[PDB]
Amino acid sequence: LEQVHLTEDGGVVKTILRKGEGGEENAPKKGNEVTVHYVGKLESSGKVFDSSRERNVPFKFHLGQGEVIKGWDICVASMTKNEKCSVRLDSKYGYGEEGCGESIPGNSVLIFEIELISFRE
């Protein structure tokens, strides 16, 4: 087991499933475009609400710029190339009391399996 508490409130907890390359040169940096695959589920039901794997299209975003939910910017910033994790996000690090659309109720804990495939600038 390695369950990394990335925030001190226990709201972002990254369980490492497969260790990445591990280097200092090996983590993305702020403003980098990252490429990931992910599978997102609600903790409450365990049901998947979004999967880039199902779409067969890797997801790209720019790190640390608020293009994704807070818990993603925190989690991905902690990953190394080829790392696969399962991250548990309290609602404060996801969509909060409001929720998001039909699939994510208010105050939902989200669990994402994230695999960091590559990054560049």
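A residue's number is simply how far along the shown sequence it sits, counting from 1. Here the rigid core means the biggest group of C-alpha atoms that line up within 1.5 Å when the two forms are laid on top of each other.
Stretch 26-34 versus stretch 69-77: after rigid core alignment, which one is farther off in C-alpha RMS in 5 other deposited structures of this protein? Higher average C-alpha offset in 5 other deposited structures of this protein goes to 26-34.
Could you check whether 12-20 or 96-104 drifts more from the shown form in 5 other deposited structures of this protein, using RMS Cα distance once the core is superposed? If we average over structures and residues in 5 other deposited structures of this protein, the farther stretch is 96-104.
Averaging the C-alpha B factors as listed in the entry, name the stretch that ends up higher: 105-113 or 11-19. Mean C-alpha B-factor is greater for 11-19.
So which stretch wins on mean C-alpha B-factor, 57-65 or 34-42? Stretch with the higher mean C-alpha B-factor: 57-65.
Among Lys81, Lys47, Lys92, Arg88, which carries the highest Cα B-factor? The record points to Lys81.
Among the modelled residues of its chain, does the C-alpha B-factor of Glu97 lie in the lowest, middle or highest third? It belongs to the middle third of the chain when residues are ordered by C-alpha B-factor.
Among modelled residues of the same chain, the CA temperature factor third for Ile74: Its C-alpha B-factor belongs to the lowest third of this chain's values.
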